[PDB]
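Before any comments, here is the structure.
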Amino acid sequence: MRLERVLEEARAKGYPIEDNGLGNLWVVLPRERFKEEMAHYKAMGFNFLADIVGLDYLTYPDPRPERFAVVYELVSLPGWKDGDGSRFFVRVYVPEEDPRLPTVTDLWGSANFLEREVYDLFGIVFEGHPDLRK
Ligand SMILES: [Ca+2]
Ligand SMILES: [Ca+2]
Ligand SMILES: [Ca+2]
């Protein structure tokens with residue numbers, strides 16, 4: 001199952017893993033490794049980017065590595081016929097000094113809309129997005 005492999009790689013690379021006991025898993029990626037790993041997840045068969053959620057930790061009581069984070073919902077869709085239903089979240093922290101991430105619109109077509117919603121809401125730039133060049 002793809003999710004086993006995702007977690008094995010995260011453990012080996014020292015990327016933080018989080019669970020909520022309800023079957024939801026998070027892998028925290030450093031911004032410097034984000035695009036390479038997203039491309040690897042696509043190659044592994046996470047063919048559906050379901051969602052991107054922007055987060056602002058300003059005013060919440062527990063310190064985080066950065067003010068902002070972006071969360072991606074990746075899915076291996078159970079169908080034709082590889083694809084096993086694996087689903088997990090990627091979280092990447094984004095510095096307030098440089099609120100910027102690589103686009104993944106080259107990997108998933110749903111990213112066009114999802115990234116634009118986050119840019120409009122938080123001002124986080126998805127560099128390379130067809131609407132956000134320059
Ligand atoms: Ca969902
Ligand atoms: Ca969702
Ligand atoms: Ca959503």
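As shown in the structure tokens, the chain order sets the letters A, B, ...; within each chain, residues go from 1, and ligands are also counted from 1 in the order they appear.
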
If we count only C-alpha atoms and set the cut-off at 7 Å, which residues sit around residue A:26, ignoring sequence neighbours fewer than 6 positions away in its own chain? Please answer as number ranges by chain. A: 17-19, 88-91

File of the preceding selection, N, CA and C atoms, as a PDB file, in the first residue's frame:
```pdb
ATOM      1  N   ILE A  17       6.098  13.092  11.287  1.00  0.00           N
ATOM      2  CA  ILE A  17       4.834  12.439  10.970  1.00  0.00           C
ATOM      3  C   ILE A  17       3.836  12.733  12.088  1.00  0.00           C
ATOM      4  N   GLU A  18       2.589  12.966  11.737  1.00  0.00           N
ATOM      5  CA  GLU A  18       1.522  13.245  12.709  1.00  0.00           C
ATOM      6  C   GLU A  18       0.272  12.435  12.409  1.00  0.00           C
ATOM      7  N   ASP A  19      -0.419  12.030  13.450  1.00  0.00           N
ATOM      8  CA  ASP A  19      -1.632  11.237  13.313  1.00  0.00           C
ATOM      9  C   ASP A  19      -2.681  11.820  14.254  1.00  0.00           C
ATOM     10  N   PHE A  88      -3.211  11.009   2.369  1.00  0.00           N
ATOM     11  CA  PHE A  88      -2.495  11.621   3.472  1.00  0.00           C
ATOM     12  C   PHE A  88      -2.372  13.101   3.150  1.00  0.00           C
ATOM     13  N   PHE A  89      -1.963  13.858   4.162  1.00  0.00           N
ATOM     14  CA  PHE A  89      -1.722  15.297   4.057  1.00  0.00           C
ATOM     15  C   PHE A  89      -0.234  15.605   4.085  1.00  0.00           C
ATOM     16  N   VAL A  90       0.186  16.572   3.264  1.00  0.00           N
ATOM     17  CA  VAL A  90       1.527  17.155   3.349  1.00  0.00           C
ATOM     18  C   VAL A  90       1.374  18.539   3.979  1.00  0.00           C
ATOM     19  N   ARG A  91       2.166  18.843   5.016  1.00  0.00           N
ATOM     20  CA  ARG A  91       2.193  20.205   5.574  1.00  0.00           C
ATOM     21  C   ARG A  91       3.579  20.768   5.333  1.00  0.00           C
TER      22      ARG A  91
END
```

Show me, as a PDB file with N, CA and C atoms, in the first residue's frame, the residues that have an atom within 12 Å of residue A:109 when counting only C-alpha atoms, minus same-chain residues fewer than 3 positions from it.
```pdb
ATOM      1  N   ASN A  47      -2.401  10.366  -7.539  1.00  0.00           N
ATOM      2  CA  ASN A  47      -2.819  10.983  -8.790  1.00  0.00           C
ATOM      3  C   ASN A  47      -3.826  12.113  -8.606  1.00  0.00           C
ATOM      4  N   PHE A  48      -4.353  12.291  -7.416  1.00  0.00           N
ATOM      5  CA  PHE A  48      -5.437  13.235  -7.196  1.00  0.00           C
ATOM      6  C   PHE A  48      -5.041  14.165  -6.058  1.00  0.00           C
ATOM      7  N   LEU A  49      -4.879  15.440  -6.366  1.00  0.00           N
ATOM      8  CA  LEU A  49      -4.697  16.463  -5.341  1.00  0.00           C
ATOM      9  C   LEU A  49      -6.077  16.992  -5.017  1.00  0.00           C
ATOM     10  N   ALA A  50      -6.584  16.604  -3.847  1.00  0.00           N
ATOM     11  CA  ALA A  50      -7.965  16.896  -3.479  1.00  0.00           C
ATOM     12  C   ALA A  50      -8.154  18.326  -2.991  1.00  0.00           C
ATOM     13  N   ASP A  51      -7.141  18.898  -2.338  1.00  0.00           N
ATOM     14  CA  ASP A  51      -7.367  20.119  -1.548  1.00  0.00           C
ATOM     15  C   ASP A  51      -6.015  20.751  -1.242  1.00  0.00           C
ATOM     16  N   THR A 103       4.908  26.143  -7.270  1.00  0.00           N
ATOM     17  CA  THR A 103       3.645  25.568  -7.749  1.00  0.00           C
ATOM     18  C   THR A 103       3.776  24.064  -7.947  1.00  0.00           C
ATOM     19  N   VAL A 104       2.655  23.363  -7.792  1.00  0.00           N
ATOM     20  CA  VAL A 104       2.569  21.988  -8.274  1.00  0.00           C
ATOM     21  C   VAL A 104       1.525  21.853  -9.388  1.00  0.00           C
ATOM     22  N   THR A 105       1.231  22.952 -10.084  1.00  0.00           N
ATOM     23  CA  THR A 105       0.324  22.896 -11.224  1.00  0.00           C
ATOM     24  C   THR A 105       0.911  22.096 -12.371  1.00  0.00           C
ATOM     25  N   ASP A 106       2.236  21.838 -12.374  1.00  0.00           N
ATOM     26  CA  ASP A 106       2.848  20.908 -13.324  1.00  0.00           C
ATOM     27  C   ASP A 106       2.630  19.441 -12.965  1.00  0.00           C
ATOM     28  N   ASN A 112      -4.237  24.439 -10.029  1.00  0.00           N
ATOM     29  CA  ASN A 112      -4.518  25.762 -10.578  1.00  0.00           C
ATOM     30  C   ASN A 112      -5.528  26.499  -9.720  1.00  0.00           C
ATOM     31  N   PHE A 113      -6.713  25.907  -9.531  1.00  0.00           N
ATOM     32  CA  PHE A 113      -7.714  26.552  -8.684  1.00  0.00           C
ATOM     33  C   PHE A 113      -7.298  26.580  -7.216  1.00  0.00           C
ATOM     34  N   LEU A 114      -6.831  25.444  -6.689  1.00  0.00           N
ATOM     35  CA  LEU A 114      -6.584  25.371  -5.255  1.00  0.00           C
ATOM     36  C   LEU A 114      -5.504  26.358  -4.809  1.00  0.00           C
ATOM     37  N   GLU A 115      -4.426  26.476  -5.578  1.00  0.00           N
ATOM     38  CA  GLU A 115      -3.362  27.425  -5.226  1.00  0.00           C
ATOM     39  C   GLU A 115      -3.861  28.863  -5.297  1.00  0.00           C
ATOM     40  N   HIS A 129       3.009  29.283 -10.939  1.00  0.00           N
ATOM     41  CA  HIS A 129       1.592  29.185 -11.270  1.00  0.00           C
ATOM     42  C   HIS A 129       1.310  30.051 -12.497  1.00  0.00           C
ATOM     43  N   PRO A 130       0.554  29.545 -13.484  1.00  0.00           N
ATOM     44  CA  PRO A 130       0.371  30.306 -14.740  1.00  0.00           C
ATOM     45  C   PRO A 130      -0.213  31.702 -14.550  1.00  0.00           C
TER      46      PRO A 130
END
```

Counting only C-alpha atoms and all ligand atoms, which residues of chain A fall within 10 Å of ligand 3, and what is the closest atom pair for each with its distance in Å at one decimal, ordered by chain and rising number, as JSON lines?
```
{"residue": "A:50", "atom": "CA", "partner": "ligand 3", "partner_atom_place_in_ligand_line": "1 (Ca)", "distance": 8.2}
{"residue": "A:51", "atom": "CA", "partner": "ligand 3", "partner_atom_place_in_ligand_line": "1 (Ca)", "distance": 5.3}
{"residue": "A:52", "atom": "CA", "partner": "ligand 3", "partner_atom_place_in_ligand_line": "1 (Ca)", "distance": 6.3}
{"residue": "A:53", "atom": "CA", "partner": "ligand 3", "partner_atom_place_in_ligand_line": "1 (Ca)", "distance": 5.8}
{"residue": "A:54", "atom": "CA", "partner": "ligand 3", "partner_atom_place_in_ligand_line": "1 (Ca)", "distance": 9.2}
{"residue": "A:71", "atom": "CA", "partner": "ligand 3", "partner_atom_place_in_ligand_line": "1 (Ca)", "distance": 9.6}
{"residue": "A:72", "atom": "CA", "partner": "ligand 3", "partner_atom_place_in_ligand_line": "1 (Ca)", "distance": 9.5}
{"residue": "A:73", "atom": "CA", "partner": "ligand 3", "partner_atom_place_in_ligand_line": "1 (Ca)", "distance": 9.0}
{"residue": "A:114", "atom": "CA", "partner": "ligand 3", "partner_atom_place_in_ligand_line": "1 (Ca)", "distance": 8.5}
{"residue": "A:117", "atom": "CA", "partner": "ligand 3", "partner_atom_place_in_ligand_line": "1 (Ca)", "distance": 9.7}
```

Residue A:30 surroundings by only C-alpha atoms, 9 Å radius, close-in-sequence under 5 positions cut, as a ChimeraX atom specification: /A:15,91-93

Can you tell me which residues surround residue A:125 at a distance of at most 12 Å, considering only C-alpha atoms, apart from same-chain residues fewer than 4 positions away, and format the answer as a ChimeraX atom specification? /A:54,70,94-96,98-104,115-121,129-134

Go through A:128, A:16, A:82, A:24 and flag the residue nearest ligand 1, using only C-alpha atoms and all ligand atoms for the distances.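 Answer, going by the shortest atom-to-atom distance: A:24.
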
Could you pull out the strand (DSSP E or B) residues of stretch 18-98 of chain A from DSSP and send them as a PDB file with N, CA and C atoms, in the first residue's frame?
```
ATOM      1  N   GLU A  18       2.589  12.966  11.737  1.00  0.00           N
ATOM      2  CA  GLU A  18       1.522  13.245  12.709  1.00  0.00           C
ATOM      3  C   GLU A  18       0.272  12.435  12.409  1.00  0.00           C
ATOM      4  N   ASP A  19      -0.419  12.030  13.450  1.00  0.00           N
ATOM      5  CA  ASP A  19      -1.632  11.237  13.313  1.00  0.00           C
ATOM      6  C   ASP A  19      -2.681  11.820  14.254  1.00  0.00           C
ATOM      7  N   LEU A  25      -3.284  11.158   8.434  1.00  0.00           N
ATOM      8  CA  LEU A  25      -1.835  11.218   8.557  1.00  0.00           C
ATOM      9  C   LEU A  25      -1.303  12.486   7.898  1.00  0.00           C
ATOM     10  N   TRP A  26      -0.333  13.114   8.553  1.00  0.00           N
ATOM     11  CA  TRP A  26       0.392  14.276   8.040  1.00  0.00           C
ATOM     12  C   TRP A  26       1.871  13.965   7.957  1.00  0.00           C
ATOM     13  N   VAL A  27       2.499  14.382   6.849  1.00  0.00           N
ATOM     14  CA  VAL A  27       3.958  14.409   6.715  1.00  0.00           C
ATOM     15  C   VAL A  27       4.359  15.869   6.555  1.00  0.00           C
ATOM     16  N   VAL A  28       5.308  16.322   7.367  1.00  0.00           N
ATOM     17  CA  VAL A  28       5.809  17.708   7.336  1.00  0.00           C
ATOM     18  C   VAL A  28       7.066  17.740   6.503  1.00  0.00           C
ATOM     19  N   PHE A  48      -4.353  12.291  -7.416  1.00  0.00           N
ATOM     20  CA  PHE A  48      -5.437  13.235  -7.196  1.00  0.00           C
ATOM     21  C   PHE A  48      -5.041  14.165  -6.058  1.00  0.00           C
ATOM     22  N   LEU A  49      -4.879  15.440  -6.366  1.00  0.00           N
ATOM     23  CA  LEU A  49      -4.697  16.463  -5.341  1.00  0.00           C
ATOM     24  C   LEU A  49      -6.077  16.992  -5.017  1.00  0.00           C
ATOM     25  N   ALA A  50      -6.584  16.604  -3.847  1.00  0.00           N
ATOM     26  CA  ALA A  50      -7.965  16.896  -3.479  1.00  0.00           C
ATOM     27  C   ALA A  50      -8.154  18.326  -2.991  1.00  0.00           C
ATOM     28  N   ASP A  51      -7.141  18.898  -2.338  1.00  0.00           N
ATOM     29  CA  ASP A  51      -7.367  20.119  -1.548  1.00  0.00           C
ATOM     30  C   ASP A  51      -6.015  20.751  -1.242  1.00  0.00           C
ATOM     31  N   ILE A  52      -6.011  22.082  -1.076  1.00  0.00           N
ATOM     32  CA  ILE A  52      -4.891  22.809  -0.481  1.00  0.00           C
ATOM     33  C   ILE A  52      -5.517  23.775   0.513  1.00  0.00           C
ATOM     34  N   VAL A  53      -4.983  23.830   1.723  1.00  0.00           N
ATOM     35  CA  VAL A  53      -5.532  24.683   2.778  1.00  0.00           C
ATOM     36  C   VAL A  53      -4.390  25.558   3.286  1.00  0.00           C
ATOM     37  N   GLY A  54      -4.595  26.883   3.295  1.00  0.00           N
ATOM     38  CA  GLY A  54      -3.617  27.782   3.897  1.00  0.00           C
ATOM     39  C   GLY A  54      -3.934  27.975   5.376  1.00  0.00           C
ATOM     40  N   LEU A  55      -2.878  28.154   6.167  1.00  0.00           N
ATOM     41  CA  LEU A  55      -2.970  28.298   7.620  1.00  0.00           C
ATOM     42  C   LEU A  55      -2.156  29.483   8.128  1.00  0.00           C
ATOM     43  N   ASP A  56      -2.756  30.248   9.060  1.00  0.00           N
ATOM     44  CA  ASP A  56      -2.086  31.378   9.712  1.00  0.00           C
ATOM     45  C   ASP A  56      -2.130  31.138  11.204  1.00  0.00           C
ATOM     46  N   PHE A  68       3.116  30.700   8.854  1.00  0.00           N
ATOM     47  CA  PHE A  68       2.168  30.173   7.884  1.00  0.00           C
ATOM     48  C   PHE A  68       2.475  28.719   7.599  1.00  0.00           C
ATOM     49  N   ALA A  69       1.447  27.977   7.190  1.00  0.00           N
ATOM     50  CA  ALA A  69       1.701  26.661   6.636  1.00  0.00           C
ATOM     51  C   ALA A  69       0.695  26.447   5.508  1.00  0.00           C
ATOM     52  N   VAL A  70       1.004  25.514   4.617  1.00  0.00           N
ATOM     53  CA  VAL A  70       0.072  25.106   3.565  1.00  0.00           C
ATOM     54  C   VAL A  70      -0.035  23.584   3.653  1.00  0.00           C
ATOM     55  N   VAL A  71      -1.267  23.065   3.568  1.00  0.00           N
ATOM     56  CA  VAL A  71      -1.532  21.631   3.690  1.00  0.00           C
ATOM     57  C   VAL A  71      -2.142  21.128   2.394  1.00  0.00           C
ATOM     58  N   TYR A  72      -1.610  20.014   1.900  1.00  0.00           N
ATOM     59  CA  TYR A  72      -2.042  19.396   0.651  1.00  0.00           C
ATOM     60  C   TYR A  72      -2.664  18.048   0.955  1.00  0.00           C
ATOM     61  N   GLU A  73      -3.790  17.737   0.309  1.00  0.00           N
ATOM     62  CA  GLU A  73      -4.466  16.459   0.519  1.00  0.00           C
ATOM     63  C   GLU A  73      -4.244  15.617  -0.738  1.00  0.00           C
ATOM     64  N   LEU A  74      -3.457  14.540  -0.604  1.00  0.00           N
ATOM     65  CA  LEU A  74      -3.052  13.664  -1.711  1.00  0.00           C
ATOM     66  C   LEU A  74      -3.785  12.339  -1.626  1.00  0.00           C
ATOM     67  N   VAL A  75      -4.236  11.836  -2.789  1.00  0.00           N
ATOM     68  CA  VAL A  75      -5.065  10.632  -2.830  1.00  0.00           C
ATOM     69  C   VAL A  75      -4.594   9.731  -3.958  1.00  0.00           C
ATOM     70  N   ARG A  87      -4.403   7.866   1.349  1.00  0.00           N
ATOM     71  CA  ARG A  87      -4.648   9.301   1.401  1.00  0.00           C
ATOM     72  C   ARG A  87      -3.870   9.869   2.576  1.00  0.00           C
ATOM     73  N   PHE A  88      -3.211  11.009   2.369  1.00  0.00           N
ATOM     74  CA  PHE A  88      -2.495  11.621   3.472  1.00  0.00           C
ATOM     75  C   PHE A  88      -2.372  13.101   3.150  1.00  0.00           C
ATOM     76  N   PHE A  89      -1.963  13.858   4.162  1.00  0.00           N
ATOM     77  CA  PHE A  89      -1.722  15.297   4.057  1.00  0.00           C
ATOM     78  C   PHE A  89      -0.234  15.605   4.085  1.00  0.00           C
ATOM     79  N   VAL A  90       0.186  16.572   3.264  1.00  0.00           N
ATOM     80  CA  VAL A  90       1.527  17.155   3.349  1.00  0.00           C
ATOM     81  C   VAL A  90       1.374  18.539   3.979  1.00  0.00           C
ATOM     82  N   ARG A  91       2.166  18.843   5.016  1.00  0.00           N
ATOM     83  CA  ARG A  91       2.193  20.205   5.574  1.00  0.00           C
ATOM     84  C   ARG A  91       3.579  20.768   5.333  1.00  0.00           C
ATOM     85  N   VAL A  92       3.643  22.011   4.863  1.00  0.00           N
ATOM     86  CA  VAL A  92       4.918  22.707   4.710  1.00  0.00           C
ATOM     87  C   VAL A  92       4.799  24.072   5.386  1.00  0.00           C
ATOM     88  N   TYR A  93       5.764  24.399   6.250  1.00  0.00           N
ATOM     89  CA  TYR A  93       5.761  25.714   6.869  1.00  0.00           C
ATOM     90  C   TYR A  93       6.347  26.757   5.917  1.00  0.00           C
ATOM     91  N   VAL A  94       5.771  27.963   5.947  1.00  0.00           N
ATOM     92  CA  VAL A  94       6.095  29.031   5.010  1.00  0.00           C
ATOM     93  C   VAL A  94       6.456  30.281   5.814  1.00  0.00           C
TER      94      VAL A  94
END
```

With DSSP run on the backbone, what are the helix (DSSP H, G or I) residues within stretch 12-127 of chain A? I'd like them as an NGL selection string. :A and (12-13 or 31-43 or 111-122)

Hey, which of A:45, A:23, A:63, A:79 ends up closest to ligand 1? Count only C-alpha atoms and all ligand atoms.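 Using only C-alpha atoms and all ligand atoms, the shortest distance to ligand 1 belongs to A:23.
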
State, in Å with one decimal place, the distance from atom CA of residue A:64 to atom CA of residue A:29. 13.8 Å

Would you mind reading off the distance between atom CA of residue A:107 and atom CA of residue A:39, one decimal, in Å? 6.8 Å
